[PDB]
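To start, the structure under review is shown below, and the notes come after it.
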Amino acid sequence: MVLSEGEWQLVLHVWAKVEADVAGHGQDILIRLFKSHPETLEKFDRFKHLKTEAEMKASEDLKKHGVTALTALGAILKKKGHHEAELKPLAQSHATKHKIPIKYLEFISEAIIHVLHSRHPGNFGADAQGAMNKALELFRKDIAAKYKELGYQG
Ligand code: HEM
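Take PDB author numbering: the final residue in the sequence shown is number 153, and no numbers are missing along the way.
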């Protein structure tokens, strides 16, 4: 797929608001993911012991990981589709070290979209949400093709 420049603009305009507080957004998103789909927490050996949302909120580690994850995504989105180099090391570790099925990349995409909708309603109307969704679908499609070259998904 290919996003138009107007679609990238909408994606990068809400992302600039996320960057005003990366750690806060990274915490919200990972928590939304774990609550919604608790099986995804089992992939994290570091965090699988966390029992409640209050424990999650208080985990410094968890918040440090959310910053790491978001920063990597942000770097991919700012490429506006030319992200081949960035995607390689990410597809290699998620496919052969962590073993994250595409399905889970779909659940986190849903969590990213829930949180932006809640926090940034004025900058995340229907067109901006469709543009974010296309960007995350592109990301997932390229990752999936890389998983296949790497010997992991299907
Ligand atoms: C927006 C999509 C995602 C991004 C951009 C992302 C990014 C990252 C980055 C930058 C790291 C550190 C370096 C590395 O190991 O490659 C990481 C580690 C990891 N990721 Fe992801 N990730 C994403 C989706 C997920 C999902 C959906 C899961 C699991 C349900 C997952 C599970 C993990 C695990 C288990 C690690 C290791 C954490 C630790 O022990 O240090 N990732 N990810």
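Beta carbons: idealized from backbone N, C-alpha and C, even for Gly.
Straight across, the Cα-Cα distance linking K145 with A90 is about 6 Å. Counting only residues of its own chain and dropping the five nearest sequence neighbours on each side, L104 has a CB closer than 7 Å to the CB of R139 and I142. Close CB contacts of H36 within its chain, under the 7 Å cut and outside five residues either way in sequence, are with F106 (chain order). In the structure shown, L2 adopts coil according to DSSP, grouped into three states. Sequence-distant partners of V114 (beyond 5 residues in either direction) whose C-beta falls short of 7 Å from its own C-beta, in its chain, are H24, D27, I28 and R31. For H93, the number of other beta carbons within 10 angstroms of its own is at least 16, and it is reported as buried. Taking C-beta separations shorter than 8 Å and ignoring five residues to either side along the sequence, the partners of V10 in its chain run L2, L76, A127, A130, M131 and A134, following chain order. With a cut-off of 7 Å, the C-beta of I99 is classified as near the ligand HEM, since at least one heavy atom of the ligand falls inside that distance. In this structure, DSSP gives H64 a helical state, which the three-state scheme calls helix. In terms of Cβ geometry, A22 and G80 do not form a close pair [threshold 8 Å]. In this structure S117 is exposed. Its beta-carbon is surrounded by fewer than 16 other beta-carbon atoms within 10 angstroms.
Nearest in C-alpha terms to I112, of all of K102, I101, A125 and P100, is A125.
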